[PDB]
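**Student:** Sharing a structure with you now.
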């Protein structure tokens with residue numbers, strides 16, 4: 003009997027006979043997996061929650077995988093074919109609706125909704141960026161539009177579309212939180228070494244270039273030890293849920309390792325003291371790194422599909438955290454340093470369109486499905517933090533560099569302006585939040 | 003058939019002026035299932051209707067009440083046994099006045115009055131006094147043990163900041179949710212926002228005049244006291260005080276009658292309580308500035324910028367603000383309305399001269415207890431002390447005192463002690479009034508904060524930053560050697576730190 007003709011709907015991976031007789035009421039076919047001890051057991057709604065109830069305590073199963081139906085697979089193929097066109101157009105809203113009805117996966121729905129909203133709000137921002145660029153450095157009008165757009169987009173996402181999206185897709208606590216709070220010192224401890232060596236390598240580089261690799265070598269190592277002895281042991285101590297906690301601790305290293313060199317470059321190298359360095363630096367982190375970080414026979418085909426689900430990391434489970442992390446890093450870079458290069462939202466729009474295409478393809482075609490047809509959190513806070521920080525940073529940068557001691561204002565003025573804009577933006581965001589919450 | 007024999011549980015007053023309308027017989031007909039007595043009231047156009055209301059026939063009564071659209075007001079009168087148990091509760095609070103009353107008395111009160119508003123306000127007051135006890139102990143300890151080094155002591159300032167944040171967080175996230183859930187267990191009887216933001220220019224239009232006038236009178240006071248050679252020099256020193264005390268209420272009247280009311284109609288709050296909270300939020304702008312702007316201008320411009355500035359002047363002001371003005375504000379809400387009522391007899395004794403009031407006994411022949419009930423309802427309806435429990439004004443008072451404490455404790459470390467004592471006596475008086483003299487609101491048997512939390516958080520943050528700034532200003536006290564830039568950046572730094580600490584405490588407590 004061909005397994006495709008059996009029309010499979012889910013797969014069970016095992017390394026025994028107790029489940030072979032267990033499926034005396036559901037038809038199944040057994041076939042060895044990628045490795046000999048593993049074996050892909052293909053299973054064709058009539059069995060309610062009891063399936064998961066007995067698989068929970070069966071304990072002879074390696075993992076649970078909901079496979080795609082044959083007709084459902086053709087439907088997803090048709091969706092990916094429809095999305096194949098419009099490579100240079102805004103993604104259509106009903107595409108998210110169709111995929112949400114077909115695969116019923118909250119994670120993809122939420123991330124792709126965020127991407128579609130980002131692209132749709134980036135179209136006017138990118139069009140405006142082109143218009144100002146060609147009709152240009154640290155222009156006050158661009159910065160005003162930037163802060164307006166940042167506040168509006170963050171408020172609209174966090175209070176208008178997300179409540180519609182997140183709510184529909186879901187359709207010793209104090210001691211634990213204190214243990215999570217115990218990570219405050221170690222985080223700053225490692226961030227201090229990170230910042231110190233970024234400053235060190237920057238100093239040596241500018242000495243070589245002016246008065247006369262390490263970063264790529266240092267940063268990867270620290271994340272290994274910083275997790276090996278600190279992150280996972282302490283999360284085990286927290287004893288949760294746990295997955296989001298690990299990403300919370302890991303983020304501090306990524307934040308500094310990404311934004312730190314350009315921040316210190318602008319804030320220190322130029323005011324203290356080449357003249358064209360900062361544009362090349364921003365091109366390096368707004369174009370270059372963007373592509374780097376982005377970068413029967415049918416029975417055997419289904420077998421290889423399961424194999425690429427288990428192994429083949431591209432076909433592994435959708436990891437919402439990493440995609441959201443890359444998107445929010447790009448959003449950071451955008452709202453924080455777009456005033457130096459008005460075409461930055463344009464590159465961001467092209468990149469986001471391509472990225473939505475490739476991620477849609479990855480999620481729907483090869484990624485391991487997560488949710489059966491029949492029966508967020510930290511990142512929103514990071515988004516709000518990015519909004520406030522980017523608004524303050526762009527306002528302060530424009531204040532210093534309205535005309536390039558190269559700066560016409562004393563450091564007292566810079567700090568006071570920073571505080572002024574910080575409080576104004578904090579008030580503005582709450583205003584927008586309440587206004588859109590009333591809706 | 004006497005009123006006391008009826009033992010009324012509800013008193014229904016109505017505009018009996020339209021006698022031909024005959025709403026009274028309408029109520030009698032609707033009340034075929036229960037018994038009642040209706041007698042003339044305080045005014046010749048008002049007459050009470052004492053009834054005996056119970057759950058099984060509760061809802062149809064209220065249904066007919068709203069369908070009647072003739073009822074002036076409703077009263078959830080406490081019967082004989084309710085009177086007895088509130089009396090024994092008030093006598094128990096009359097004992098052991100020295101000790102801060104236990105939450106057991108609060109549980110009894112929540113059981114008896116079934117009133118969420120009073121229960122919540124008294125819970126806030128009880129937690130306030132309970133957290134004030136250790137603060138008062140620390141205040142006396144720093145005042146005496148450190149001896150002459152009691153002004154702007156670092157340890158006291160740090161304790162003030164930590165205690166402010168801890169008390170605000172604990173009240174917000176540990177006790178308030180419990181009390182809100184307990185009260186809602188009983189729960190007995209978009210363009211709007213845009214216009215509220217459109218009120219912000221109005222809010223700035225007013226209040227700015229207040230601040231300018233306050234600065235005017237501060238300058239005048241300093242001018243008369245320091246550089247002036249008038250013959251009656253001591254006489255003119257009192258002019259700024261009366262000027263302020265006359266401007267603030269007149270400004271309140273202008274703000275209300277010309278801005279607050281028109282704009283709150285302009286918003287058209289469908290919810291009545293939402294409208295009332297909007298009116299109070301608008302009114303808080305004047306109260307905040309008027310109450311706190313003098314000490315701030317003195318401490319931040321008088322001593323720094325400054353003929354020789356009076357060294358003890360800041361304590362001269364703080365003495366009045368946290369010692370005497372406390373008493374003035376406490377008396378204004380307690381004895382002033384009764385004094386006005388008794389002086390109304392002097393001005394025009396029988397100014398309304400309702401003959402029905404005096405001849406009602408002759409026309410009814412009530413017993414002493416029946417007349418007692420009648421007079422109690424009359425006080426409910428007319429006496430200023432008989433109004434419904436106003437959570438708004440009481441919370442405003444308590445939070446004003448709290449703001450004074452958390453923003454100027456670093457000067458007078460015995461301020462927590464006077465706060466402890468005044469809050470103890472205030473709790474006693476308010477409990478007496480709210481369980482024996484205040485208009486009832488919630489029936490025992492059921493029938494089918509917001510702003511102050513936000514202003515409390517704001518008060519905590521402002522108090523923390525101001526205490527820290529003053530400590531940095533005068534612990535090593557142009558008297559100040561430090562640069563103003565350093566102070567202004569220090570302020571925002573500790574603002575950040577306090578916000579972070581508040582977030583940490585909020586998460587830790589709310590996790591439960």
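Protein chains in written order, with the deposited numbering: chain A, 3 to 17, 26 to 54, 57 to 147, 152 to 187, 207 to 247, 261 to 288, 293 to 325, 356 to 377, 413 to 492, 508 to 536, 557 to 591; chain B, 3 to 191, 209 to 325, 353 to 494, 508 to 536, 557 to 591.
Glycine included, C-beta positions come from ideal geometry on N, C-alpha and C.
At a CB distance below 9 Å, what residues from the stretch 86-97 of chain A approach chain B? Give them in sequence order.
**Tutor:** Cβ contacts with chain B come from no residue of the stretch 86-97 of chain A.
**Student:** Could you tell me which whole alpha helix (DSSP H) segments of length 4 or greater appear in the stretch 401-467 of chain B?
**Tutor:** Complete alpha helix (DSSP H) runs here, min 4: 401-410, 414-428, 437-454.
**Student:** Is there a Cβ from chain B that is less than 9 Å from the Cβ of residue 368 of chain A?
**Tutor:** Residue mapping note: residue 368 of chain A aligns to position 286 of the first chain, counting from 1. It does not: the Cβ of residue 368 of chain A has no partner Cβ on chain B nearer than 9 Å.
**Student:** Touching or not, the stretch 126-144 of chain B and the stretch 482-494 of chain B, by the rule of three or more beta carbon pairs under 8 Å?
**Tutor:** Touching, no.
**Student:** Please say whether residue 473 of chain B and residue 131 of chain B have beta carbons closer to each other than 9 Å?
**Tutor:** Taking the first residue of the second chain as position 1, residue 131 of chain B is located at position 129. Taking the first residue of the second chain as position 1, residue 473 of chain B is located at position 427. In contact: residue 131 of chain B and residue 473 of chain B (Cβ atoms closer than 9 Å).
**Student:** Would you call the stretch 425-445 of chain B and the stretch 371-390 of chain B touching, i.e. three or more CB-CB distances under 8 Å?
**Tutor:** Contact holds: three or more Cβ-Cβ distances are below 8 Å.
**Student:** Starting from residue 16 of chain B and walking both ways along the beta strand (DSSP E), at which residues does that stretch end?
**Tutor:** Stepping through the second chain from its first residue, residue 16 of chain B is reached at position 14. Note, residue 16 of chain B: beta strand (DSSP E), 12-17.
**Student:** Step through the CB atoms of chain A and report whether any lies within less than 9 Å of the CB of residue 568 of chain B.
**Tutor:** If you number the second chain from 1, residue 568 of chain B lands on position 489. Yes, contact with chain A.
**Student:** I need the straight-line Cα distance from residue 402 of chain B to residue 44 of chain B, nearest angstrom please.
**Tutor:** Here the question's residue 402 of chain B lines up with position 356 in the second chain. Here the question's residue 44 of chain B lines up with position 42 in the second chain. If I take the Cα positions, the gap works out to 7 Å.
**Student:** Under 8 Å between beta-carbons, which chain A residues line up against residue 212 of chain B? List them in chain order, please.
**Tutor:** What you label residue 212 of chain B is simply residue 193 of the second chain in a count that begins at 1. Correct list: 586, 587, 590.
**Student:** Count the other C-beta atoms from every protein chain shown that fall within 10 angstroms of the C-beta of residue 124 of chain B, then say buried if there are 16 or more, exposed otherwise.
**Tutor:** Locating residue 124 of chain B in the second chain gives position 122, counting from the first residue. Per the 10 Å Cβ criterion, buried.
**Student:** Out of curiosity, what's the CA-to-CA distance linking residue 356 of chain A and residue 569 of chain A?
**Tutor:** Along the first chain, one-based indexing puts residue 356 of chain A at 274. Along the first chain, one-based indexing puts residue 569 of chain A at 417. Roughly 26 Å between the two C-alpha positions.
**Student:** Closest to residue 236 of chain B by C-alpha separation, out of B:27, B:250, B:264, would be which residue?
**Tutor:** In the second chain, the residue the question calls residue 236 of chain B occupies position 217. That would be B:264, whose Cα lies nearest to the Cα of residue 236 of chain B.
**Student:** Is the beta carbon of residue 523 of chain A less than 9 Å from the beta carbon of residue 162 of chain A?
**Tutor:** Counting from 1 along the first chain, the entry for residue 523 of chain A is found at position 391. Counting from 1 along the first chain, the entry for residue 162 of chain A is found at position 146. Their beta carbons are under 9 Å apart, which means residue 523 of chain A touches residue 162 of chain A by this criterion.
**Student:** Could you list which residues in chain B have their beta carbon closer than 9 Å to that of residue 510 of chain A, in chain order?
**Tutor:** The sequence position of residue 510 of chain A within the first chain is 378, counting from 1. Per Cβ cutoff of 9 Å: no residues; residue 510 of chain A is ~13 Å from chain B at best.
**Student:** Assuming the contact rule is C-beta atoms closer than 8 Å, residue 110 of chain B and residue 490 of chain B should be a hit. Round their C-beta distance to whole Å, please.
**Tutor:** Indexing the second chain from 1 puts residue 110 of chain B at position 108. Indexing the second chain from 1 puts residue 490 of chain B at position 444. About 14 Å; that fails the 8 Å criterion.
**Student:** Taking 8 Å as the cut-off, does the stretch 80-96 of chain A touch the stretch 63-72 of chain A (at least 3 CB pairs, one atom from each stretch)?
**Tutor:** Not touching, per the Cβ criterion.
**Student:** Rounded to the nearest angstrom, what separates residue 54 of chain A and residue 106 of chain A at their Cα positions?
**Tutor:** The residue you call residue 54 of chain A lines up with position 44 of the first chain. The residue you call residue 106 of chain A lines up with position 94 of the first chain. Their Cα atoms are separated by approximately 30 Å.
**Student:** Would you mind working out which of A:133, A:213, A:422 sits nearest residue 591 of chain B, comparing C-alpha positions?
**Tutor:** Counting from 1 along the second chain, the entry for residue 591 of chain B is found at position 512. Selected option, being the one with the closest Cα: A:213.
**Student:** Name the residue from A:238, A:299, A:16, A:261 whose alpha carbon lies nearest to the alpha carbon of residue 271 of chain A.
**Tutor:** Here residue 271 of chain A corresponds to residue number 223 of the first chain, with the count starting at 1. Checked all of A:238, A:299, A:16, A:261; the closest Cα to residue 271 of chain A is A:299.
**Student:** Quick one: grab the DSSP three-state call for residue 357 of chain A.
**Tutor:** Taking the first chain and counting its residues from 1, the one referred to as residue 357 of chain A is at position 275. Three-state result, residue 357 of chain A: coil.
**Student:** Would you list the one or two residues that DSSP bridges to residue 518 of chain B?
**Tutor:** Taking the first residue of the second chain as position 1, residue 518 of chain B is located at position 459. Its beta-bridge partners do not exist; DSSP assigns none.
**Student:** Tell me whether residue 174 of chain A counts as near the ligand HEM, meaning its Cβ is closer than 8 Å to at least one heavy atom of that ligand.
**Tutor:** Ligands in the displayed structure: none, and consequently the ligand HEM is not present.
**Student:** What are the boundary residues of the alpha helix (DSSP H) that includes residue 115 of chain B?
**Tutor:** On the second chain, residue 115 of chain B is found 113 positions in, with the first residue counted as 1. Looking at the DSSP string, the run of the alpha helix (DSSP H) that includes residue 115 of chain B is 105-115.
**Student:** For the stretch 300-315 of chain A and the stretch 363-371 of chain A, state whether three or more C-beta atom pairs, one from each stretch, are separated by less than 8 Å.
**Tutor:** In short, these stretches touch, since the Cβ pair count reaches three.
**Student:** If contacts are defined as beta-carbon pairs under 8 Å, then residue 73 of chain B and residue 5 of chain B qualify, I think. What distance do you get, rounded to the angstrom?
**Tutor:** Taking the second chain and counting its residues from 1, the one referred to as residue 73 of chain B is at position 71. Taking the second chain and counting its residues from 1, the one referred to as residue 5 of chain B is at position 3. The pair is not a contact, with the Cβ atoms about 19 Å apart (cut-off 8 Å).
**Student:** Which of helix, strand or coil does DSSP assign to residue 26 of chain A?
**Tutor:** Locating residue 26 of chain A in the first chain gives position 16, counting from the first residue. DSSP places residue 26 of chain A in coil when its eight states are reduced to three.
**Student:** Which first and last residues belong to the alpha helix (DSSP H) in which residue 42 of chain A is found?
**Tutor:** Numbered from its first residue, the first chain carries residue 42 of chain A at position 32. Careful: residue 42 of chain A lies outside any alpha helix (DSSP H), inside the beta strand (DSSP E) at 38-42.
**Student:** Who does residue 276 of chain B pair with in a DSSP beta bridge?
**Tutor:** For the purposes of this step, residue 276 of chain B is identified with residue 257 of the second chain, where counting begins at 1. Residue 276 of chain B is not bridged to any residue.
**Student:** To which residues of the same chain is residue 138 of chain B closer than 8 Å at the C-beta, ignoring the five residues directly before and after it?
**Tutor:** By 1-based counting over the second chain, the position of residue 138 of chain B is 136. Around residue 138 of chain B: 462, 463, 465, 466.
**Student:** In this structure, does DSSP put residue 48 of chain A in helix, strand or coil?
**Tutor:** Sequence index remark: in the first chain, residue 48 of chain A carries index 38 (1-based). Correct three-state label for residue 48 of chain A: coil.
**Student:** Could you tell me how far apart the beta carbons of residue 353 of chain B and residue 245 of chain B are, in whole angstroms, since I believe they sit closer than 8 Å?
**Tutor:** As a position in the second chain, residue 353 of chain B is number 307, starting the count at 1. As a position in the second chain, residue 245 of chain B is number 226, starting the count at 1. Contact holds; Cβ gap of about 5 Å.
**Student:** Output the boundary residues of the alpha helix (DSSP H) element that contains residue 564 of chain A.
**Tutor:** The residue you call residue 564 of chain A lines up with position 412 of the first chain. Taken as a continuous stretch (DSSP letters only), the alpha helix (DSSP H) holding residue 564 of chain A covers 563-590.
**Student:** Under three-state DSSP, which class holds residue 404 of chain A?
**Tutor:** Absent here is residue 404 of chain A, because the residues of chain A run from 377 on to 413 with nothing modelled in between.
**Student:** Return the residue from the list B:146, B:575, B:46, B:103 that minimises the CA-CA distance to residue 128 of chain B.
**Tutor:** As a position in the second chain, residue 128 of chain B is number 126, starting the count at 1. Per the Cα distances, B:103.
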